[PDB]
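This is what each chain is made of:
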Protein chains: 4
Amino acid sequence: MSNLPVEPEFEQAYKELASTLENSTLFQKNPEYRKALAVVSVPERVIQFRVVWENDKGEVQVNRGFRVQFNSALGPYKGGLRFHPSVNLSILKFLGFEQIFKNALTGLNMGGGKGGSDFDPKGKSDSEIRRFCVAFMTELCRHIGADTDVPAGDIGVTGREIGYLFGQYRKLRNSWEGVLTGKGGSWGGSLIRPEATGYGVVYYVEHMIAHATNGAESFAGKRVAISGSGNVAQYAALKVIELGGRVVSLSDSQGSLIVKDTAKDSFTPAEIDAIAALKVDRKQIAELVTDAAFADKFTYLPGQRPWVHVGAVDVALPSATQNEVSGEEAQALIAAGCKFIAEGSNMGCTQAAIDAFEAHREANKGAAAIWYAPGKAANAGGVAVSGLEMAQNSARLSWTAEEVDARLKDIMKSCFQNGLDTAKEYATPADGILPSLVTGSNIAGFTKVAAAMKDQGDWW
Amino acid sequence: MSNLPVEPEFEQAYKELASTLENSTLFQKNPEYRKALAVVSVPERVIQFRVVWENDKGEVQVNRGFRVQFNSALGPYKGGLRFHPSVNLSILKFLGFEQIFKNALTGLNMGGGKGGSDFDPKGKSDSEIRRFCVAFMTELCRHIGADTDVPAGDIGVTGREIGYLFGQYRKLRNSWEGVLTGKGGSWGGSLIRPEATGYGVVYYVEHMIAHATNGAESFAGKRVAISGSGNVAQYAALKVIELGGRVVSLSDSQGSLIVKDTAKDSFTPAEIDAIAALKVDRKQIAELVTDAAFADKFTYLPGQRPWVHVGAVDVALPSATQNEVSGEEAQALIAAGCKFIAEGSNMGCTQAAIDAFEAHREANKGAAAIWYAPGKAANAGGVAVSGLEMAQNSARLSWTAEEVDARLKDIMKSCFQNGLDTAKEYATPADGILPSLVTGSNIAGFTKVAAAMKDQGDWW
Amino acid sequence: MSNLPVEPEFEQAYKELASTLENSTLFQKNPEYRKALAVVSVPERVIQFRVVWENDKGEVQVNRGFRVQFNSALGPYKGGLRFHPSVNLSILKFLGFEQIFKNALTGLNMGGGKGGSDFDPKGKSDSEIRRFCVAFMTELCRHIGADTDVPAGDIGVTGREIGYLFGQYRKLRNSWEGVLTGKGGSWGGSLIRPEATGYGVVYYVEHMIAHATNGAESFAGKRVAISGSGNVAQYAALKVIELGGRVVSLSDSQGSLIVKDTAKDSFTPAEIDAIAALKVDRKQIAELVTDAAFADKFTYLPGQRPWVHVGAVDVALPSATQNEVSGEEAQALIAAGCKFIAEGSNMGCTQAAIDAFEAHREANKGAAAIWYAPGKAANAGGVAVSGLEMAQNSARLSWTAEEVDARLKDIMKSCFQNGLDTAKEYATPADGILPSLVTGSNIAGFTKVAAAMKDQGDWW
Amino acid sequence: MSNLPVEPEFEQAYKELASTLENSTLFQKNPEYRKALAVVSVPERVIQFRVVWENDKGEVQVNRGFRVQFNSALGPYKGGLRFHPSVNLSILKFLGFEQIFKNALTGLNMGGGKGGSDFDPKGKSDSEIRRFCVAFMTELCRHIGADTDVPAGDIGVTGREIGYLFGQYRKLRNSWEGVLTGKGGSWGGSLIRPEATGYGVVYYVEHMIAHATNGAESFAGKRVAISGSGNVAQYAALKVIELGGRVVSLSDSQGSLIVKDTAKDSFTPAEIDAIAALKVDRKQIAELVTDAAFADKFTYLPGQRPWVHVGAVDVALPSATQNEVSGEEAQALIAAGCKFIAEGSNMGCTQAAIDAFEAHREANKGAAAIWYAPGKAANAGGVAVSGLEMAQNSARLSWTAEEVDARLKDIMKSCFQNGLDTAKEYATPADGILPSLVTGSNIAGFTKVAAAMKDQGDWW
């Protein structure tokens, strides 16, 4: 199999999944699942197309769009859309692969998929966004359907891009129906949908850590790091504040921001809202340390990640970008005595960091061990609300926020309980060394998907 | 624009909308909305086709069928169907335009549009109706869809025509689904649905007047006028009786029917039910004035309208046909002391009448002024119930009558408190000066549609 | 019947057809055909849509697109496309109605239809043309098909617009097929076509007049008037030069251009080539009269037509625009002793002129009478070549130019034979009195179409 | 563009095309064409899918299918299919890219595309072939159409695989039509075709050299090298024998097969037939060298190519595999006094070899210069008949072999002889110094495609 190209991110994710599976006795109990892994690892269908649009000057611009459809065993190809200049087939395959197991664990019936483009929304006027969206939905409308492929929003895709895409879809298909996720309330939208899109990952990470703390000596009184800024990180900080915790070293893509009094101070909600405003307007948080709000409060580090200089923290919430944690970051955290590491994104830690965390966890026979949480167990939320919006659009009736939040509570509890149950079945917990709940989540997702495919005849 | 033909009804409606918009400072606060007016004014798609059918003598008959799809920004092209010998493109365009704005003010997602035909259902046996319906749905099935266009019932289209049309649709598409509105209970029907439509229109008219009276000195005591007979007129009379009002001048198409004792007498529900029976039977109200009860209760005037010979009434409910209230009728009503004029139809008042009402409202400051209520704020109801029927059919699960009525209550309160709220808010009137309902309703409906189109990318 | 709008051009054409039919004894031999006229006169399907595009400044522009599918009894809805600011439903219905019988006479399959838009190609840059074409084909693609509707080129639609429309069609349908006529030779074009579009019309007019000259006293030596210019009049003059005739006066949109010496002078092909260059360049012929070669040979008239001052002419070829001949200009022609009037366009003469010509023809017992030829008998040729292009596209084999020209010669000869046959058969003249071409062509076209519809089951 | 993955073969082909374009004054005459290259280089649509099938043991195998649709400006996506264990996205993109320009030069209306799979037909029984074909056509059927995508045969795809694919296509679509190339005579096949593919490739590669001889000192008396065997190289040798040439180093994949007396002796026409027999039998050329007929005639070299040990040959026909000629082999040919070299495949020579040939060509002022021929003008030929297919299928009428050969003769003239004409016209030669036929063919193909895409509206 030497002909296949080199996709680093997807290869890393797949290798980690396979290693986690081989670690347990799953293949000793059910050796038939070895071929199910070989079938899942090949996407059902990927479509790459050329998008030719026009900028304001009247020149001709050629981008390319993608639509990866990894798996539709559990349900339709409902995925997302990511307009980022770094998007290629490798990262889209990685994100779809993670989507499969996130949707499996959450208990909802959805498939694993993800689309996007190399479009750079930074520095494009509204007209350019509309033109690219119209071209993109012209070249994509064949390969999606209301119950075939349902894209959504992500990095680079907001209400504006979603509106333009839906307008062109309605123009082309001549069929107003629910075929993408993110519409406004005026045209088949959902309540909680923007708040859920910006808050589901937050809810999941906070609740996941509160559950991993074993219900004693909770968030309160423990220093927390929130790498990255905007969408997830801001509300993650807000909820850890509401739970009695203190935001210590929230950062951005460009640089870091650490409170000088890391033990008797924190980022206030007003400051976090200020960063939210800055990130909506595409401004680095380094502008805030110029003002007296941060100048006497937070120290800006240029091109530094908070992990190395946390200052003896105990909770870490990496939510910036893939591979934002390495082995040396792990060493910094253990020197800091960090005992709860939980990603806020997908593959937020390097494989070396995972090995370091697992080794340290096995070293300490007790509650003093570090515990690592996968990104699949965390995050979620937004997928659930997208499914809820799909159900609303199919039923032609809009619900209220209370109903949607009740369904979200049920889904998140169900996901937590499914992970915990599979931890009981396969992670096989016992007092002493803490179990690897990463292994639990991986085993749960894989086994659910594999059984569903075996029933349907995708393998045998 | 010299090539553009002359459509008097649609031209009048559009002219009134534009004049109402320019009257307010809406185009001064958001001058960008001037182009949104140009985009809305053109229907998305108009389809005219030839319907060739056969009568009971084996003679070829040729009619025309239309399907105006005015706007689908807020949702699918759910409309209606009107089989009347006067249906041309102008009337259908005007009704579709009013549909767009009524659905905007409602808060439901449905889109504007309306179809029909030049078929004359009067004096055609059931065989002819079936043959025309089969030909009509043969030539229409391509353009409508299970979601694309969802027609409904209206003048000339009762349950019988709906049954025949749905039978032919099922035969052609070979897919039983919810594609048109008005189906019976046995197959994909809604509770009360046609009765619900008529009753909801009536509801809207009465409650709109009731809270245009500011909740003091209600229908009770104030004489009421109802022009026309059937559905809207008949139940308007019934509900104003239920509210303690006094029906005075129940009319029809050919002539009028006014109680002799306008003050100390009314219309009993039995006689109104008699009108209902004779109107379903294609009769005239002149037959009842021959009978003793009407002979001792009312006097018949031939080819006369109730307004000039009603007897100093305070509220009026035009519900017969468009342009049934001219300037001279306005003078008759103001001499009659009418202080609340509200139509139960579309453009029920001639332009001169609107000008007279607006002048009277402006000059006579205080609560002692006439108030003109738009037809868009009134009527409604039936659109909401049709949307409920569509939701039921999509979900494949029939609801209960109480559930449908509760959801209808919520929808009517939304739309209707919205009408009153926009009247007292977007008009932003002076104290004592009566909030112009027409201005508020027009502005609200427009602004909603315009924003929904702007985000979707129909203009910029 | 009062609800129908007023469409002057279509009404005039239909009235002329009906009056020609009632003139003969056709309805006495086959009174059954009286009900075929009612069915034919209603188009099968008319589709109007809104086209929203963007100009260079970045402003939203709104136009209307149309697609009249008048009849498909003989074959598919193959028609044309006319982008002109004067296009409305009436003119398109008239052109489709004439297309029906023109395609009937030619002996080929195609049906009668015609599309277009309110677009004004004058003064729009290349980018504007491309943007409008993309929007137009976005909103039109559903209604046409590879066989259903096959548009073509006409006034305002050149090879450029055809290229843009075909580029967008292939993008939407994702199927390269022959769905419109007029493409370049590289992507499934036709030989004997880019010039043949008007050259066929030219051939038809001149050969029709030559066959109306009864095989003596030919073109040579007879003054010819050719009103208008562009793609028809120019090559009509060229062919009448090849036949020995002398061009006398060719007009334009704004005025006329008449040679001083109507007897011993003519129009050289070089000057006509210059006219062609200016007309492609969207200039005016008023500017050439400054140049000496035109200054001492032609004179320019502002807002004047050649008819009333050519002087003692004998052949007339009105090929400028509809209704370009009146009764008074007809009387001017009779003052000139003209004995052969034949249109080069559709409805090139007013009804009053037709009455005058018919009266003059009936007055003179012999060969010394004026003869008026219908526009349906003339023109043609281009339709035949477009049908040949469709055949080539379906077969996926580009024929040689000689083969296409041979097939076109066969088709035109067959059409001439059918026209002359019906002129001598159903007009059925006496010796000396000429076989009226209008009656013959009208009767033949109507009879063929009616028989096809009767057999196919469009009327009983 | 750092995100764009590394595809060596396609990158090499694109770099060579761009370097050829920059070399001439194409971008000084038409600088607008610089932006067309950025648009052609991105495929219109690439589809990768998972093929899950079953072998004889009852296990589950997972392969990948592809379908690259590089361009559709000149015509539909008619391409090919190659089932080879080395097929990945890079190889398919490169082959489609070459297909675009080969179809451009051929004058026919065909698009650039190519599909295939990682399937290894070597060592799979008939049942395995059928099962994989059925799975492949199940997963591919929705992405192709009779006039959308038309695959064909290639390496690894023969009449058997084509039969199975067409059997499954008809079963799924339920519409017997011509949607792939290679069908047998009994079901919509073409005459000549099973020969015509390889036979036409041979025709091209050989008369391209025959016309590069300038019509003096022809094939006769000149040693010809033939790298590889099967389909093409065998008939290339056969007809160079027919033309009077002497095959001297006819080879295969694993090793070389060179006659001892490379000057006076030559390959037997029957000997090449024996090679064909064992290559269809899936054997090696070494086992023939074991037999006396080859033992006393040819020397077998294991893992060696003819080029280094040609023996002062003068004609080279590399037709084995991509990059089968390097710079050192080029220098061996120059030491051999080789003067005419033409590839029989796609990029039969490395870029270094191309530089060597170009330098040697420029060094010699006269007929002594070496001339290098592109694989686009050569090879091809079979594509002519492959497009001279599906036309009988759409017409439902088969043609006799003589008609197909006459059309093929016309196409080979208008492609190949006109390709030498293009080398004589746009390479803008002069007496003595040989022009660059590679440059001419590349520029002609690119300019044709670019103009077609420009008018279609793909760029501007």
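Residues numbered from 1 in each chain as written, not as in the entry; some residues may be left out. Chains lettered and ligands numbered in written order. Part of a larger assembly, values for the part shown. Heavy atoms only, no water. Residues with missing side-chain atoms left out of burial classes, pairs and counts.

- As recorded in the entry header, the structure was determined using cryo-EM to a resolution of 3.18 Å.

- Per the PDB entry, chain A is named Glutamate dehydrogenase, and its organism is Aspergillus terreus.
- This deposition appears in the PDB under the title "Cryo-EM structure of apo Aspergillus terreus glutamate dehydrogenase (AtGDH) in the closed conformation (form 2)".
- Annotation of chain A in UniProt includes, under Subunit (unreviewed entry), the sentence "Homohexamer."
- The heading Catalytic activity (unreviewed entry) in the UniProt record of chain A holds the text "L-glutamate + NADP(+) + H2O = 2-oxoglutarate + NH4(+) + NADPH + H(+)". (UniProt positions renumbered as here; feature names shortened; annotations may be inferred.)

Considerations on the packing of helix α1 (residues 8-23) of chain B against helix α16 (residues 437-456) of chain B
Residues and elements named next belong to chain B.
And step 1. Relative to each other, α1 and α16 sit at 100°, their axes nearing to 9 Å. The pairing of α1 with α16 is recorded here as roughly perpendicular in orientation. On α16, the residues that touch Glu-16, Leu-17, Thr-20, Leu-21 and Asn-23 of α1 are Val-438, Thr-439, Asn-442, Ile-443 and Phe-446.
And step 2. Classifying every residue of the contact of α1 with α16 gives five nonpolar, four polar and one charged. (Axes fitted to C-alpha atoms, helices over the stretch in contact; angles between N-to-C directions. Helix = DSSP H or I, 4+ residues; strand = E, 2+ residues; numbered from the N terminus. Parallel < 35°, antiparallel > 145°, perpendicular 65-115°, else oblique. Contact = heavy atoms within 4.5 Å. Nonpolar A, V, L, I, M, F, W, Y, C, P; charged D, E, K, R; others polar.)

A look at the UniProt feature "binding site: substrate" (unreviewed entry) in chain A
All names here are of chain A.
And step 1. Residues given the UniProt feature "binding site: substrate" (unreviewed entry) here are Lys-78, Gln-99, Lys-102, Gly-153 and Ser-386.
And step 2. Topologically, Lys-78 is positioned in the loop between β2 (60-71) and β3 (81-83).
And step 3. Excluding residues that lie within four positions of it along the chain, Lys-78 makes contacts with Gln-99, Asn-103, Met-110, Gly-111, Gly-113, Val-150, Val-383, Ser-386 and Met-390.
And step 4. By the secondary structure assignment, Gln-99 is in helix α4 (residues 89-106).
And step 5. You can call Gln-99 buried: its relative accessible area is 8%. (Buried < 20%, exposed > 50% of the residue type's maximum accessible area, 1.4 Å probe, protein only.)

Digging into the pattern of salt bridges
And step 1. The tally for this structure, following the rule as stated, stands at 96 salt bridges over all chains.
And step 2. The closest approach of N and O atoms between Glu-44 of chain A and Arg-50 of chain D, which form a salt bridge, is 3.4 Å. Within this pair, whereas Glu-44 of chain A is found in the loop between α3 (33-40) and β1 (45-54), its partner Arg-50 of chain D is found in strand β1 (residues 45-54), the two belonging to separate chains. Comparing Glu-44 of chain A with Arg-50 of chain D, the two get one shared label, buried. (Salt bridge = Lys/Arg side-chain N within 4 Å of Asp/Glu carboxyl O.)

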